[PDB]
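The first chain written gets the first letter, and so on, giving A, B, C, D, E and F; residue counts start at 1 in each chain.
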Amino acid sequence: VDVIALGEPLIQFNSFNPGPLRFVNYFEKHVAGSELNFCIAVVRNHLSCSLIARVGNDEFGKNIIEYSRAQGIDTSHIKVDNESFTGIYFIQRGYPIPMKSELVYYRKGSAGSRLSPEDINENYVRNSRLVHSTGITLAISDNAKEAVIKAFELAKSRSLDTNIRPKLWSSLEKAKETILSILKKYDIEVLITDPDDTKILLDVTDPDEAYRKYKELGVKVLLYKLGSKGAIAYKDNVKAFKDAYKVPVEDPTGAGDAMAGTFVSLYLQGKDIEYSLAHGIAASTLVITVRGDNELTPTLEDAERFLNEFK
Amino acid sequence: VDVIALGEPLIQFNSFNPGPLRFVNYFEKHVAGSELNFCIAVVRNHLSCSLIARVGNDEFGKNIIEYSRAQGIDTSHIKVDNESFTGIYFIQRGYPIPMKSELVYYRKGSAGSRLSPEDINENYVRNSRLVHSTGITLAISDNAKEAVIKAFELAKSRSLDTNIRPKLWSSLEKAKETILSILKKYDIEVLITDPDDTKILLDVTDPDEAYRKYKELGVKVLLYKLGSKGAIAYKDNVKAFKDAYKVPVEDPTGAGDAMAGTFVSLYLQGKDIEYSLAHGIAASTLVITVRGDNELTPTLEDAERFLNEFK
Amino acid sequence: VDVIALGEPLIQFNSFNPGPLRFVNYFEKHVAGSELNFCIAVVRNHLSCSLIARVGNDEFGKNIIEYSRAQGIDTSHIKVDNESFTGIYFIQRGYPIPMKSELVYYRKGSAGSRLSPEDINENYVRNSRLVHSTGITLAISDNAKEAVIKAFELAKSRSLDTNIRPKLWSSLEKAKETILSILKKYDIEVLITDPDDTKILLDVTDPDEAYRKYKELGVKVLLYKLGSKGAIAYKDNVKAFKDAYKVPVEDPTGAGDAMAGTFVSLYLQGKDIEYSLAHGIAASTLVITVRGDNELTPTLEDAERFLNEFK
Amino acid sequence: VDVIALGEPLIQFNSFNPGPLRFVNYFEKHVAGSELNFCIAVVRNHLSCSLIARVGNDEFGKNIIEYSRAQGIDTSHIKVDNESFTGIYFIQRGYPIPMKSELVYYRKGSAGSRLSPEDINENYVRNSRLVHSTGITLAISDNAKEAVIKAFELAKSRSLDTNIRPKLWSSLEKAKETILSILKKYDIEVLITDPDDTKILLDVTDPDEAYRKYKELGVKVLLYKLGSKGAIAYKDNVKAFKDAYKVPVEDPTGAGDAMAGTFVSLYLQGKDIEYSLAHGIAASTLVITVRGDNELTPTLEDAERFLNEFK
Amino acid sequence: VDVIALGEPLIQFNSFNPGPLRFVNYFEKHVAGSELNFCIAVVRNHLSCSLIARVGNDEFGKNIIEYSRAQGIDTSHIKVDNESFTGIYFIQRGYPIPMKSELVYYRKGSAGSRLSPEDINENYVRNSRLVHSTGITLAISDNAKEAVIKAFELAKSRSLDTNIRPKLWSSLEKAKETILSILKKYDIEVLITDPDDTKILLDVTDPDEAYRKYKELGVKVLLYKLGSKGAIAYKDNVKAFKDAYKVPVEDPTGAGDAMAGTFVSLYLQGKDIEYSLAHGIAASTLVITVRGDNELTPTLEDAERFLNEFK
Amino acid sequence: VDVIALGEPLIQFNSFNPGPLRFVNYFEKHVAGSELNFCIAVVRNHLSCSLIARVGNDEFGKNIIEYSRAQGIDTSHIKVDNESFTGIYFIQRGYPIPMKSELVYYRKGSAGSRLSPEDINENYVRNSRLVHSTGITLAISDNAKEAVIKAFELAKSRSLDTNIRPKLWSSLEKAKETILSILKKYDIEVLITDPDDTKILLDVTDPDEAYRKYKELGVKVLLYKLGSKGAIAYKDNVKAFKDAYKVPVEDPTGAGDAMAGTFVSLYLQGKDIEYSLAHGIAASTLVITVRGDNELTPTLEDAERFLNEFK
């Protein structure tokens, strides 16, 4: 496989309409989770991609496997764990901030949080081009963190999305120490991050200065996500910026994962960072127009149509 | 009780999609009515609020009372009237004017229209901090109008939303004479109005001139709603303006009630007009994004988050 | 025209699910009204049919005329009345009695209740083969009852469905008096009734005895509805019985009208009572399987298929 | 308050259609939980009823409080616990057994499982007529079990539903020991149970013999639920049996709680066990016709209509 | 009749949400077809309009005739053809280009494609004021194209919408040849077109130059659609421009037909090009806010309201 | 592979509610087609199953392949054909025959109809345990028929479901001659049929006599479907019968495919005809309770639970 990702796939329940969850009567089910969304983007851009994860021995774990198979993700290393349940979350949409979403997790002690070094096979990982994980996987348990540290030991090249979700950590100081340890121990081929995470990790906001400090930490390429203001990619002395597009927002959840998987998979195929960035932006624009996170992540050719035709 | 509101609560039937009602196949039920929406906003800002009203002895009247109880409204004075039915209305959305709604009422001779001076106990009304009603209550019947005049005599302080709904009156001249008469008779702590109503009452639309005239009529605080152009509040020699926010409109119905009840309730607890105004606009912004009038009216704390975070 | 029916067409709102209306959140709209449902069955059996009625100058009245025109009913005598509104009703399904429907009307002083003798043209009525109405039209106002009396005086032949809805009458004695009076003044070529109505009109429930007593009042054909125990038709001392079919009941409202319009239009065309009865039973069976009253009313050829194939 | 119940209220998510959850795209939200359903039945039969429970400081906990308030349950002793989350469950309907349901819980370490003796106020409990709880509350944590043991120490009279849900216990032997300890320590005024539980607790099936053995344990009245075969009530030398009714089943979850709360609240008002049983059966018939557990639980008067009119 | 249109009416299936069709689970049905949409606008502006077409002897063909009859279109020349089926299409919305729709047709060899010169009666056509068709009808088969040629030879006056749908033609050259040929043979009183079609037909996109070239081909009035930049109408060296309104786009399909039918029916009635253009813009604005093509097409009086009140 | 099936997979559009399609507004999409449904049942009983088929190069063809992959079907021989489209059909439910469905096809000249002998590789087919097809595949085109005859020559063993769909054939005589010719040419391990087909093929309906005749034709096991009267299986001198279960019917479409694929797959793995039959009926019972054909086809273990528990 070209790309191996480590994480916890989840079931997402989205309210049918905006508003506090206590007034929501209906919920639509989607398959999501940060690294799963990312894998969908990698496979849409025509690389093979394997998710290493656990699911519970239950309907929702089967849902995750079948969905992933349907979408062309290698599912051989999604292990069923009879010892716990498949994690899920709910999205509260547009309240109290319109066009934004808030996640309510039911995932503590889930089968996905039991991901562990035992699941990481030396030979398997060495025969891939790139290993990806995120700060979510580093947060969910000590053994998921140690799975990432092992997989990153064995990898030929690594990507990391900082993705700090404060609800998943005991403190921001714990998040910071955990993530910086990773950056200090390993070279990172593509780091994906944003102003909020970078303020916690480096205490800087300016993207030019963020790249200078991340580069010191061993990062080669930085994808710096600015949301409604676009995104910036850095590599060596190239800086590429691409503005966001205006579209009606249904749910922005997972937009960042679509952008990151698209960017990384194109970068891996030898596309330059300007092309990979513009495609990451096309992908993150399409997925926000619907409740689900990854159904609208474009293939390479569809993102090229979007880029040539939409304004 | 902090606030007493007098009015006719109603069941609202909202079209599932925009267009002329003859093409609408599905309707979503909401509990609404202008003073009910107002009371929901009062209790969201942490004041006690009692609605004095009648409902029919039917499922829709039980719906109104249970929903109000759920939301922390004091329902001790919503009385069940066996002689008549609970009034309802339908909303036609987006036709012939996009992003606007038209109401089709089935409330002639309803239970709520039977609200009368006998429902207004002198000691109960004296033991409240403020009494609120609207031009809709002044229109629904002569006895409901007299209930309002009686409650206003008895109140420590008063608020009035002029809310002229031409379909509820025999003529605009009648509307004008009825509301002007109430304004001349009483000091009004907070008057809520808009250009359309003020053109009828005062033959002016310029906000500064409307304030000048309402002030001589004994209005202390004026809230002047300009819809997509925002809103203005005046008190003494101070004027606050906040513009509207751009959000996708599902249904604006009840948005002025969310603004009024939020403004009045915060003003009553000592907040300045700028704060009460900005929270008013936040409340009105949230509710227009969904079908239904009051589910998304924010608490004081949620409206602060909205004002701090939404751009 | 072959058949003229006099009545008040209405908009019906159905819940999706059983239960008390205060817990129902969504309603589905259907065009209905007992005589409108009857006319749909007449035209499905290939006779021309004109409904004499009023509707309001409002979207629901336009919905009724457009819907009737869609289904082949002559709408040239459905009058728009700008002085009042189109009546409507809600159905509460399965509570507190499973598989039974209860109607909640908003029709008082409606446009339809203003049907009057002025709306009945002597020449137009004398040119039809048969005039039909029901005890609902007799109940809605004194002027509607007078419209029926006038149309029956002019008619070549008549049909009447007793359809006593106690909620529509000041007393059962009033319903009894009014319906008996029509039976004493006119020959009735087809009377449609049931044990509940007949117990009121005659103090009889036994079908054979009901025929004898109605035949003594000048009724030629009796159609006697036994719901889940089938129906029986009588003409000239000959009885025809057809058993009901077992299907899941979604909503029985209007199933009698489908049966009546089907039976009468076939009878008028020269079909025997056995054939017309079996077709009426087919029509009632299909209608009760869905929430609408008349969309599933079969054409003559589809009812023959039902009878030849369904068991 | 007449009745105090101890338990964990929950949010229920029901699939819109039958089938394995991995193929379900939509879920409808209801407020449920065994003792909450029971309280709804008590309040419908006109006794006051207090639920002692915890909910999390989250949208779903608020939902539970507001719903309960709407329905007339005393909510003063539903405590918000900021330390954990409100439990929820999903219902898989009609697969692999048609017309049956299976529950998938997300409730471990929930705020409801933290119910504890500290929540049980000596004075409060002594001033009620009856304390109810179930084998579910005894299973969810050691401290919820000790809350029940304390509340049962202080009670004037007690009801217990055995309700053994094997998924909630480490073994059936643990369930048996826990429940029998309760029966051995305390007199039980009404025990509610069924063949499955009684086989675990007493190793008997025959209901006549079940009553003989339960009576030895201090039980006064036994309600013995037989599902599709009806139910039996025993008191002293009275045995009452009432057959089930045939209705279309949408979801039987909570039917047993409707029957138990109805039975117990009527028994408390001095109705004999034949009347209380027939009403329990009417209540359990209505709730199975819809997805939710308690919206259709009848009041006393509605259950009397059902009993006199339905067959 | 005032207006005769020749075309193929169709059933449209819309997804609820953006995205590729393979992830859409629910489709909403609408009756549509470019000339049917045009006829609805003609009748909304109070002229009589007859659609000459074929449909299949199937439920979808009956849906088309009943729907057309509901809306006031003369359906006497919508022929049922038992040799083939009613054509349909699906719309894929917002993917890969947000706010754009793509049609997926199932119409090959349909009943509608068998429209032929035999269906065109000399006397009937000579009795109308104007005949309309589009480049879609020219594309569907050689016999449909010959039907248009015959109707145009007989017509008192003509309207044509170029509406080039490349998927319906063997080549763009074929579309160009066929449409130019019609323009060379006949005077056209109203040509409706846009920059994409005009670039093909004339190698011009500039509106003023388009008018000059079309005027040289015998076109009297040019209506030139610029989508989000408005529309322009030309007659006798006079230009009228009307800017578009900003509304959320649900589905633009058929918005051109609403504009064209509205513009042409007003023009025919003696309205000037400025008034007819502003009304056409009102009609297109309303249609694009919903999934259907023609339900929101306004009457003349509602379009005047839109123009006087909407900003 | 254990089983190879030859056929045309299709997209099914199921009406959201019963009735004539002209009144249906919403359609739910399912992936179906008789041999696809069959293959789902094979892989649910733990045998590998490959479908040989063509789909179009369109969204609906990608839908079919992804869904099949999700469900564990080997999709290596579902080939994408750019020359044509993926066939679809609509289901009209409950009209004119309650609890039955009618299919309206849009599949003439589809990609799937282009299945041909060139798709059938001799070595691939020889390396499977059994080949299955149906009378539908024999009907869709001459080349698809020849694909089946070629695959059957090559197979180690064969199964055939006669499945005569009169709408897919030029005459019943053609159906008869085509299927009889296949039966005379080949031994058939399992023939699945029913009275309607057997009356056409053999001019008998008596199950024992049908077995006698099919046995001389070289059929080893006969599965004879009697619908609501259950089903019979025969092998040698043994006959098993299982009656149907009473469940609410949503859509019976595909129920015979669930039965056939379940029976064949269990029979192939050594289960006796009683076991294969009872599991067949369980599968068919589950699927008729929902719209959609194959989602509720049980695994071997779930069907055992059904047989052990459902009464």
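Keep in mind that, in the parts below, a residue touches a chain if its C-beta (ideal position, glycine included) is under 8 Å from a C-beta of that chain, and two chains touch if they have at least 3 such contacts.
By chain, UniProt protein names: A, B, C, D, E, F = 2-dehydro-3-deoxygluconokinase/2-dehydro-3-deoxygalactonokinase.
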item	value
Chain pair showing more contacts of the two, E-F and A-B	E-F
Centroid comparison with chain E (C-alpha atoms), farthest chain	D
Distance from the mean Cα position of chain F to that of chain B, given in whole angstrom	62
Centre-to-centre distance between chain E and chain A (centres being mean Cα positions), rounded to whole Å	46
Separation of mean Cα positions, chain F and chain A [Å, integer]	42
In chain F, residues with contacts to at least two other chains	20, 25, 66, 248
Chain contact topology (line, ring, star, complete or other)	other
Contact footprint of chain D on chain B as seen in their complex	66-67, 69-71
Complex contact set, residues of chain E against chain A	17-20, 23, 94-99, 248
Parts of chain F lying in touch with chain E, wherever the complex brings them together	13, 16, 20-22, 24-29, 58-60, 62-63, 66, 85, 88, 92, 104, 106, 108-109
Chain E partner contacts - residues on chain A that touch it in the complex	245, 247-248, 250, 285-286, 289-292, 295-296, 298, 302-303, 305-306, 309-310
